[PDB]
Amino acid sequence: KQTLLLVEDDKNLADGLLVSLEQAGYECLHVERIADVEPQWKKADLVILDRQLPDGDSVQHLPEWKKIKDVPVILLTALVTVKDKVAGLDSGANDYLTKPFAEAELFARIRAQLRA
């Protein structure tokens, strides 16, 4: 069994999301602030990361998050500009996928981050 962590302030988006991954045979964590990622970063084998929480930007903490544990990070945010893409990808994100998004593709990019 594999463990992912969902960092998302959008509840209802996280609502229908946290069920498909469970149907994919996972155990997940949900987080809606930046004051809740550090307690759970050491727990998941992959982080699905939303940028603008009510705390601020989550990419600013991403490097200091990444060196606690080299965890694959997938940035799922409504920041679609290429300037935002190069920001997260270089900050330590193994992938970057914008909103709106495909569940079958997000799962494929998760199935691609966990084969090593």
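Each residue number is its position in the shown sequence, starting from 1.
For the two regions 96-104 and 16-24, the entry's Cα B-factors average higher over 16-24. For the two regions 58-66 and 72-80, the entry's Cα B-factors average higher over 58-66. When the Cα B-factors of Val7, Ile110, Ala116, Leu4 are read from the PDB record, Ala116 comes out highest.
Per the deposited record, the Cα B-factor of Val47 falls in the lowest third when ranked against the other modelled residues of its chain.
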